[PDB]
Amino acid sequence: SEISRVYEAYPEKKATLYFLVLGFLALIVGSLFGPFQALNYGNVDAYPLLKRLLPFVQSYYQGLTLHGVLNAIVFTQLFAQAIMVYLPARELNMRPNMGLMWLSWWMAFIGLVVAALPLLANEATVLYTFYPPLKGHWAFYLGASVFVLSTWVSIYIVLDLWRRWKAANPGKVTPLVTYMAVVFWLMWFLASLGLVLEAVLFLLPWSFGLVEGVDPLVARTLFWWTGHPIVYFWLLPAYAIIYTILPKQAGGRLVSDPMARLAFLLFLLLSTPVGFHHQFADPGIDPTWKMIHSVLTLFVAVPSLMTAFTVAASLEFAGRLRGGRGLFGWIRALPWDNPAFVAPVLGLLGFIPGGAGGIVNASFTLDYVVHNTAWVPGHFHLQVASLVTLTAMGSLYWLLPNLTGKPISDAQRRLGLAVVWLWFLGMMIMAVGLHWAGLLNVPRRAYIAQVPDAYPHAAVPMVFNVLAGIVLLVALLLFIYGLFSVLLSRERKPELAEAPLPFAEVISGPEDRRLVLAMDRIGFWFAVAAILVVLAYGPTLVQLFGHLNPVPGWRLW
């Protein structure tokens, strides 16, 4: 059948790849509006240009929407069904089932494709949060509905591949990568009901025309169930990558197996019971629970902290191995010639400011300082346009060989970082701007270019955003040339491809085994996780479900 026995030995590189292509396409299109939306916050109107290049756009806010669905829902979703199946699958030399594994990919193309339409046609300009009563063509709600449900097929693929292993390595622990994704797909299933009970019972009949109204307090409470974990649905993949992979491409080893397990363990507990941080400014939602979720939210920042230690430690150990030496001698010992290794390490620098961000935001009342200002678009860009994205972009160089064949000549190695270093610097410059205007009260989510006399104390951050627009346009464009060029010029030469992708390995101890053994109560911790949700959203969700107060729809563009 094949002049590439490539997809008969293993076609987990036949499915996955289509995941990442779709992914890295969504990230290109949606990111497309980026620096346009960038100069807006820079106080220069760019849309007269953009509307004419792509003549299909009508609002600033329509782009805002493309950029939002196509970067944050589609691109991150895809990149996790990629990694989060492919890796464990390989760390076990097992093939994921392929009715299902090919079905899930149809779900995503089917979905996005259906949605994409309204969205281009400006029939659905309600933004990636799509807050009723802003009402979006029935066809959009069906998009996310299936597309996001495509994460239900894949949960299986993993958990299938869990069952079969331990039916054949029975009485052996769970190998790390697998152990990670297991909980991750379980956690994501706890979160995946939020938006799913919201789509089904409310969104769909409404937008279908089977009710004139929805209750937008509950409409946004189900969203925020799903809508927080979903950031940690975007993160943990790059965490996965950084835990198991990074230390290798970077010359070294995972300093602890179980720290890394623990880190994920607390992410299936605390990823979901934490929606009110986003609902701080709602009415009708008791002050007490805002406090709860706020304590809880600070809890969920405790994984990423030790991560901060376990990772930096690794790179440190690795740094010394390459005769790094000075207090900081360890840093330049790192493979700063390698995009594989640069993108997520710059990811993690980035992660620091963006880190504290979350925590300011996370403390109840300190949200009233920053909430809905541009401060927000500051924090998340730092976290997800930057870390998750760079970790993804950078994955090009070890994943895409492993997957197609096609090695990466010194030229690619050059573009490589030209892209990455421009990306980062862009994300850093755009960071201070967005974060600063944020404190001078420039609202987020706004076409502020059309009122370019209104934020006169933004004068200067403003510049920062202008500049970051130029920078990051320069870097998108290299990325296109460096995406289509590491794919399409023809080195589908034989050998290399085949692999264990560089896993790293671990340091070991006495203490390990006792701990590693307790974190394997997957059914058990799935329970406290599911005790925790029901304990926290339950006593509020009951309430409002009794004062369901539906109000009419609205188109308003």
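The first residue of the sequence shown is number 1, and the count goes up from there.
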Open item on the list: Averaging CA B factors per stretch from the PDB record, which one is higher: 60-68 or 490-498?
Closed with: 490-498
TODO: Name the higher of the two by mean Cα B-factor in the PDB entry, 320-328 versus 233-241.
DONE: 320-328
Task: Out of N465, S314, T404, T297, residue topping the C-alpha B-factor column of the entry - done: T404
Task: Candidate set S304, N372, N169, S271 [ranked by C-alpha B-factor, highest] - done: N169
Task: Third assignment of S256 from its chain's C-alpha B-factors - done: middle
Task: Chain-wide C-alpha B factor ranking for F479, given as lowest, middle or highest third - done: middle
TODO: Using the B-factor values recorded in the entry, state whether the Cα atom of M180 falls in the lowest, middle or highest third among the modelled residues of its chain.
DONE: middle
Task: Ranked C-alpha temperature factor of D286 among modelled chain residues, by third - done: middle
TODO: Could you say whether, by C-alpha temperature factor, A340 belongs to the lowest, middle or highest third of its chain?
DONE: middle
